[PDB]
Amino acid sequence: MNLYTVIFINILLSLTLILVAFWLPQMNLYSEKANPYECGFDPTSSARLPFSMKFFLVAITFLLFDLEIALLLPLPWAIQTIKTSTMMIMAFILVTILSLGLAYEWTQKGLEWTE
Amino acid sequence: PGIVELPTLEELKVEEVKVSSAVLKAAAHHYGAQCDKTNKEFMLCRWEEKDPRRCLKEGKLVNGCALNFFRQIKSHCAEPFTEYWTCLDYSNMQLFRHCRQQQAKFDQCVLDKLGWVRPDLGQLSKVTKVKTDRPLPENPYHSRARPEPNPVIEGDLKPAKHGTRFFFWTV
Amino acid sequence: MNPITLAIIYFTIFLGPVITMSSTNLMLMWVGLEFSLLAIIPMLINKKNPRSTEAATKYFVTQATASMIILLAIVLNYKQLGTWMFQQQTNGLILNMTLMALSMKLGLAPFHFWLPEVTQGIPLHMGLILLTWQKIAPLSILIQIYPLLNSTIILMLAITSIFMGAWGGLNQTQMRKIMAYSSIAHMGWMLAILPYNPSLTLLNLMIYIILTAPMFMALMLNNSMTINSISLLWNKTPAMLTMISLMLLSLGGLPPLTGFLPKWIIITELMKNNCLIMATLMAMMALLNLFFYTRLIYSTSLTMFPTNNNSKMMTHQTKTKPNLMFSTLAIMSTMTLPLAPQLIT
Amino acid sequence: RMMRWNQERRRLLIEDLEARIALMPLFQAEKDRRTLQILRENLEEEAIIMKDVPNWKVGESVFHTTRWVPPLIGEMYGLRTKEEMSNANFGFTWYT
Amino acid sequence: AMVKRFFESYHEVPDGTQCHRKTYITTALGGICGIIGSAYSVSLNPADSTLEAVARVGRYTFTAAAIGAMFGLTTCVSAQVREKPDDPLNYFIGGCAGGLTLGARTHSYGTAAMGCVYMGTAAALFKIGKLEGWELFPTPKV
Amino acid sequence: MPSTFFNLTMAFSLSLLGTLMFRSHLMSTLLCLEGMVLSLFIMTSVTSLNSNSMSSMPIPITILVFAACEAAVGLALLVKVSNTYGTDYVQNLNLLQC
Amino acid sequence: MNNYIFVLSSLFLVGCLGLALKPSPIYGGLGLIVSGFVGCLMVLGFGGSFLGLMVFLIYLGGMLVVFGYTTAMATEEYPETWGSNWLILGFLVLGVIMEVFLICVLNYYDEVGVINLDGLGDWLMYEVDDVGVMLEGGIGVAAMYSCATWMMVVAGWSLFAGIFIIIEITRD
Amino acid sequence: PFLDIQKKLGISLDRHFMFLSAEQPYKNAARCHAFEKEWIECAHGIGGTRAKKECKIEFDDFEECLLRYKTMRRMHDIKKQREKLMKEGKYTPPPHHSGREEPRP
Amino acid sequence: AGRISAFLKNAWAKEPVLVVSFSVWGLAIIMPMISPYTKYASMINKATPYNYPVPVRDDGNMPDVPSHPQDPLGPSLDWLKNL
């Protein structure tokens, strides 16, 4: 109950500041004020057009590496096992293959951003 | 489709060991040494019988043993014991390591007054054997008789009679 | 691909079905099917053109969707019975979605529409893996739960596959599309008999595979993708004309070739179970397959289509293919009906 | 230093877990009686509430077997207040 | 479900009697086949607009329902007039009438003629199956 | 438990319906697959907890591991589609009709 | 508090409805983040802890990659929201109404079957080992390192092979 | 399995966590361990077809233990009959069902 | 092996991070195999009693099982107390 209570208060405080910030100040809306900023000149296109991602391969590698750490985060419970040798070999093998995967991608220039 | 048999409320009346967790933990090591035989009898009943209704008599002996143990503390070592469990009760986890000074004073008292030796590390976790007049339950799961296996066919192998017998093939 | 990539990817292609066939747990069976999907995609798209990208994408979205439905059934059964295998007590709807999703993985009609398109978009040697090695894991699952399956859904899938495999193959001029429709028709036969006799499902799978493998090798020899390309065989590799003709007639189930055996035995077993109407319909529409195979035989070995002047330069060159696996499979896929009793029991 | 301190913390944990072992017989006996008394109380109210209901057998098991089946939380606290039921469902997990 | 029972009611009474109920049952069955076929048609061969898709769904369903009505009516009237409940020929006449209807709706004498023979033979064989206890989807036995 | 599992199965069915009813973006469909994965994860996890089946808790984690591999391949394919056509629209992926 | 888990599973259902309508993947990505959070709460509510926090953490990472991919490869001049198209909005409202209807009707016909609005909160936790110590979900997951090592072998292989797979798919 | 490699080699990659009654960490029995143990043991050695009829008692009990359809319905009936009587003013819950119990121990 | 020594020396000067990573990885594998304390880690996990030690019924043929927790029979923990 307590965790729910404090997070609601955190939400409540943030939303109150937003309401104050939008209803206290004097406003003056006109078109030139609300147009998008681009260093004093008009944009030549939408900001909604495609924006190329040069690190796209690192990005999807990160998806796999993020499930690798998910497999590592039970380790504090796993070190309590009687089967210490089995746990240790499994953890060593898991870390080593992930290193080999990173090493391969590194030597394939998979960490280099595209030009 | 049978009626579940429940003991009456009168059968479940006992003298409660109504002291707090710090009191129990402060005395837990001497309690385990002093009331072991009664406590191990009740736990053997529970694991053998798998039914709390079959162990009510032994459960009541557990409560009586615990009350006789605490009345010995009350008559001889009340003040060393109170100083100990009150200090132990301060900690959010009721840790032993924050009250070693008061534990030693209590331990010395129950040793001189009652001869009680505190068990060593590892001793209370041992599996022990206990003697009981209670019979061993024969079918604790109330399981039915298993269905009989299929009859097995015996004898030596012979060739298939007239070969494969697949349509017009001769062999 | 460099050697390390080939070894890892081909090993995973091999591994997935082995996991599926050896697993007791349904989750490990699903894991095996997951390995197959993931590992085969880079091979499908290896050549990297818009058609191969289309083929790999269509294959991925179909297979991943079917994999989720299979997982739903496994999870629902785990909820119902607290176990990781289907039982006699498994809810029938759970089993019917397993059948639906596995049949979509296999490309059985009416979940077939993807398979002729994906086969058309990939290299011949990948079509070979798609239509042979990749069938084994989903079929292996089905064979394990054959007493639990609904005969009504199976026969409807089976007759639909035979009908659409037949009519589908009738309109094709592309070889890769003809093989895909041949796959669908033969899967219809494999499935029809699975709930009655799963051993005859395996007999049909084996005979289909040893017919399809050398047929793909024959296409691979000159990279013949169309009827008009294969019709130049008489000028490029005439020695293959005898075995292609017999393999095509064997695929069509004409006696006294080995490919008559699966249709013959499945009919026998279907009628031992009074499945007379389906067996009649299946056998009658399987003749339509023999029609488009015959038209293919007409354009390769029984007539000689016009050739071209550049083909003379080909006759000056020596070839190093086919390997001797072609001859072994070609002979055993056509000339082994005399050994029929050793193949069914 | 971490080796020595963790070896000491392992000896302390054993002592703490051995105190639990000594007290567990008492807690088991108390819990058996508490569960049975709660089940008894439910049975008596069922005898009044389901008195004029046709074909109702008070106390009937839903199982064929006659071995003891521990009650569910819903069974034990089904007839009590919403707070006792909420405390059983969420007491530990919402205590922070 | 009760929907299944509504279709078992076709065989509850001998042919040639209760021709009104049997015509509703076969009209309903024909409509369902038209709805299934229409669903696959619009999904796989989409129309140029939604009103054409809905127009095509109605064209298929009513045409399929008309075929089922003519089959069910003609079969029962034929058995009533000829006083032959258990004759597969009554079903051949009905299946031919259904086949003629399909040709009339699609403006084709070849579909009428080809429809009559194929649908007559299929319907006649259905009656023979009902009489002789054929199973369409037998469960495994051996 | 009864009502929670009904709602979770409905959540899977909606995600599958989303998968089966394409709009234009291939990426929107890839998100629907992740929705089915998410529903199945919770269903497996809640079942293991409700039955106190601690030996089955590895299985929900393995569901996420292979889903991550499936999602990574899906995104890798989507890069290829976008490179060919400049969008991820599925209507362009129609060369194999002939 | 007796409605707590039903409310959460009801919120989860709406999130998947929003995802199924497939607005711009920007809002699809947001829909999965909220559903992931709601899904974490449900796992927690049933006594979970590690599993709920894992799936939220994994999906937080997963949707960040999808955000990056969306801005490069799945964007249009006018990204669609749930309100932008009247047709999508109507099926959002109709879908929510059909949820209330489906739960209402199923409650009437069975009353204790799939929906048991009278008994909500009475059948969440079934049994709990009251005096236990080693019971948290992380212990169960950790069996991959000792008792279920085959589960970890296959999981590790798929991530390892995935690196080689995505490198092959993405090279020109 | 389709290929019984695990049985031939005498290993266990996934045979040992197949059902509720299997080994659990720290010997924490799963729900319905005893019912599933009885059902598996009744069925052993006689095959699935016979097990469906002849172990029907064990399966029903295990099914009830795990899914609890009958337990939920029985409590729904008692609580529904109590609601009817209280509205009619014929039943008054005791103090211990109203939150004023004498707590044990 | 003078060619490698120049190689390793250059790697140390120019890629020290990778040299440390491989050395640490190799040490982590080696150390459990040569350490005299490796055997105790499993023994300590085995001596932690998370579960109640259920007693056994005495049949008169258990010379090795203690009858009381302070009997001199059963597993001793003196090794850990003096570890």
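Chains: A, B, C, D, E, F, G, H and I, in written order; residue numbering restarts at 1 for each.
Here is the rule we go by: a residue touches a chain if its C-beta (ideal position, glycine included) is under 8 Å from a C-beta of that chain, and two chains touch if they have at least 3 such contacts.
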Relative to chain I, chain with the most remote C-alpha centre: E
Contact-richer chain pair [H-I vs D-H]: D-H
Whole-Å separation of chain centres (CA-atom averages), chain F against chain H: 32
Averaged-CA centre spacing for the pair chain H and chain C, given as whole angstrom: 44
Distance from the mean Cα position of chain I to that of chain A, given in whole angstrom: 38
Residues of chain I engaged with two or more neighbouring chains: 47-50, 52-53, 77, 80-81
Residues of chain C touching at least two other chains: 4, 28, 31, 34, 38, 41, 45, 48, 56, 82, 84, 147
Set of chain F residues in contact with two or more other chains: 2, 12, 26, 29, 50-56, 59, 61-62, 64-66, 68-69, 71-73, 75-77, 79-80
Interfacial residue positions of chain F with respect to chain H in the complex: 2, 50-56
List of chain H residues in touch with chain G within their complex: 13-14, 16-17, 23, 25-26, 28, 31, 68-69, 72-73, 75-76, 79-80
Chain B contact footprint on chain C (complex, rising order): 340-342, 344-345
Of all residues in chain F, those that touch chain C in their complex: 5, 9, 12, 16, 19-20, 26, 29, 33, 36-37, 40, 43-44, 47, 51, 53, 56, 59, 62-63, 66, 69-70, 73-74, 77, 80-81, 84-85, 93-97
Residues of chain A defined as touching chain G within the complex: 46, 48-53, 56-57, 59-64, 66-68, 70-71, 73-78, 80-83, 86-87, 90-91, 93-94, 97-98, 100-102, 104-105, 108, 110
